[PDB]
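Just one chain is shown here, as structure tokens, and it is the form solved without nicotinamide-adenine-dinucleotide (NAD).
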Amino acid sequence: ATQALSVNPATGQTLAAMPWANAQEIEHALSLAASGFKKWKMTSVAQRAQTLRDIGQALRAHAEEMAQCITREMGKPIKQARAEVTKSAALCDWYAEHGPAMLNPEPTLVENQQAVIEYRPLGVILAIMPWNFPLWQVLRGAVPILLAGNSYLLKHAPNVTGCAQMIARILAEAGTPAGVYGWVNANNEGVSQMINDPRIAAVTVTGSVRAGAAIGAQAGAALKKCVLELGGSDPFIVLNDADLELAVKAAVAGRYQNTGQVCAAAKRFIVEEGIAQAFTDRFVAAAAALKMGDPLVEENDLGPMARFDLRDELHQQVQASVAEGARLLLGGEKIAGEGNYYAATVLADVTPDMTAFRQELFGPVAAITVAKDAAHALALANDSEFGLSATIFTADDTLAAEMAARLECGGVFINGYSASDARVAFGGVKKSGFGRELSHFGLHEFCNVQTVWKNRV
């Protein structure tokens, strides 16, 4: 239970407070979503694709205002908030172009073309979204959910209600029908009420493991399907034969993007003994050179963290790790001042029993662990209760492919930079959740896959 309050993390100053939605408001959101769905499900998929293009255009028309809102409410460097808007608008256009074909009926092996599989919409999808990508997280799911013919009803993180209001205004400007996209500032009880309401067909959650478990349990009890995209503690494996400098550049970007607040950030660096010291020296130097400060200044790489309590939790994780024997090579301190800044941090000599190896470090703290050889590296990578994405750097192409097949995660990047992309599946295993987003997966997760069979006699 958090507070419905926006505070600028760079200044510590209050932005706005918003009361939780009352009973009439929750009922109005549900009623409007259902009536919106009733009409939207009857449109042509090509009309829905056009609506996606219109949303993309409205977003681009308000791009700077949107980016400024993201930075103001949650501290993301403005260069990255702008890139978030660019990516989110590109996603609308990508699904408008490629999505409709993914909804074509499928032929079957039943003789004489008598049976097909149709992809029908389910209904209203309740979405519970976090603050780390206030726009991208929303559209990553909403774009294919809408294209499939569903309505989308959003509960956004209570620290980004300004962003949520703005998203709603932009989507309405684009001509999105009333109720097809909407949002409500529900508290926990309000979310439970909605999950249990027959107007909600299914639920999608992006956030913490605890949030995912709480909601997944309620959805299961109500016989409603979920997609849960939860935290990660992604391993980033570097073998002796890697292109060392490229590995370091990808490692630094992977860990420190969005001030480390990324579910699929590179969090556990597992480096083969031969190259470990060279990697560590270079990684530390690059991390120490990262600029941190006012996120309104385009050249700062690191902003403040979004939430004061979350900075306190991360500091405790660093404290615990040092107490357990980790070596602090850089940072490990809250920065004095009224903002919510935490120093770029590196912990080395991290072993599997330590906090920095076992928990998700959701901020600018890298953990470095030395592996005996590639087999040890793989074992260390899989020794985690999370399983979102992973990276492997090695010149041995055959070995990398073999390791990919044995990594217990939903995405593996070989000799490159991990990211989410419309063209490929996103999502993990174990406590990172289940279900997939993007490509045709995100589109079909919220379809009623319907067999239609004529003259079965």
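When you see a residue number, it is the position in the sequence shown, counting from 1. Shifts are known only where both forms have a C-alpha. The term rigid core refers to the maximal set of C-alpha atoms that superpose within 1.5 Å between the two forms.
Quick note: we don't show the form solved in complex with nicotinamide-adenine-dinucleotide (NAD), though the next part is all about it.
*Asks:* Would you confirm whether the three residues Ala10, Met66 and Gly254 all fall within 4.5 Å of nicotinamide-adenine-dinucleotide (NAD) in the bound PDB entry, going by non-hydrogen atoms?
*Replies:* Answer is no for this spot.
*Asks:* Can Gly182 be called a contact residue for nicotinamide-adenine-dinucleotide (NAD) in the bound PDB entry at 4.5 Å between heavy atoms?
*Replies:* No, no contact at 4.5 Å.
*Asks:* Spell out, yes or no, whether the shortest heavy atom distance between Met129 and nicotinamide-adenine-dinucleotide (NAD) in the bound PDB entry is within 4.5 Å.
*Replies:* Within the cut-off, so yes.
*Asks:* Would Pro158 count as a contact of nicotinamide-adenine-dinucleotide (NAD) in the bound PDB entry, using a 4.5 angstroms cut-off between non-hydrogen atoms?
*Replies:* Judged by the heavy-atom cut-off of 4.5 Å, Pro158 is in contact with nicotinamide-adenine-dinucleotide (NAD) in the bound PDB entry.
*Asks:* Decide whether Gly207 counts as a contact residue for nicotinamide-adenine-dinucleotide (NAD) in the bound PDB entry under a heavy atom distance cut-off of 4.5 Å.
*Replies:* Flag for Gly207 set to yes.
*Asks:* Using a 4.5 Å heavy atom cut-off, which stretch among 279 to 287, 86 to 94, 108 to 116, 354 to 362 contacts nicotinamide-adenine-dinucleotide (NAD) in the bound PDB entry?
*Replies:* Among the listed stretches, the partner-contacting one is 354 to 362.
*Asks:* Pick from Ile392, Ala33, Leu388, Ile55: which residue has any heavy atom within 4.5 angstroms of nicotinamide-adenine-dinucleotide (NAD) in the bound PDB entry?
*Replies:* Answer to the contact question: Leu388.
*Asks:* Within 4.5 Å of nicotinamide-adenine-dinucleotide (NAD) in the bound PDB entry, heavy atoms considered, which of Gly75, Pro144, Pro235, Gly231?
*Replies:* Flagged contact: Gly231.
*Asks:* Going through 252 to 266, which residues have a heavy atom within 4.5 Å of nicotinamide-adenine-dinucleotide (NAD) in the bound PDB entry? Please give them in sequence order.
*Replies:* Residue within 4.5 Å: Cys263, and no other.
*Asks:* Which parts of the chain move between the shown form and the other one, counting only runs of three or more residues whose C-alpha shifts are all 2 Å or more after core fitting?
*Replies:* Shifted segment: 1 to 3, the only one.
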